[PDB]
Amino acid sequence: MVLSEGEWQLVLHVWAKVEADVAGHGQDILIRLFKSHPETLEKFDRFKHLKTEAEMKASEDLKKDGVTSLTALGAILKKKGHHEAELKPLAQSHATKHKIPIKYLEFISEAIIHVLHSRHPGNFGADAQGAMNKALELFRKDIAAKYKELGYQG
């Protein structure tokens, strides 16, 4: 699959807004993921014990991982499809060390769309959401392929 320049522009335009507050969006997204799919929290040994949203909001560790996650995703998106080099180390750690199934990447993709929809309505209309979904699907398809090559695929 390939995105058009117009689609990449819609993706990068809303991402430019996200970058005004990376830490804030990172928290919203991970917390959304953890509330909608509690099982995903188990993968984070550092804060698997957090019991409430209040505790999650106060966690500096959770915030730091949110920033690291979004910054890595942002670098991938800015490559507009030419992300082979960026995906290699990411696919290896998540497949071999963290053991993150593709299903969880779908869950976080859902959390990303939900948060952008809530915080950037004016820059996240139907066309913009469609483009973002397409970019995340491309990301998931390529990462899944690397998982297979790495002997994980799952």
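Numbering starts at 1 and runs along the sequence shown.
Of the two segments examined, 103-111 and 40-48, it is 40-48 that shows the higher average Cα temperature factor in the deposited entry. A summary of the deposited B-factors shows that, of 142-150 and 15-23, the stretch with the larger mean C-alpha value is 142-150. Between the residues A58, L70, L116, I31, it is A58 that shows the highest Cα B-factor in the PDB record. Sort the modelled residues of the chain by CA B factor and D65 lands in the lowest third. In this PDB entry, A85 carries a Cα temperature factor that places it within the highest third of its chain's modelled residues.
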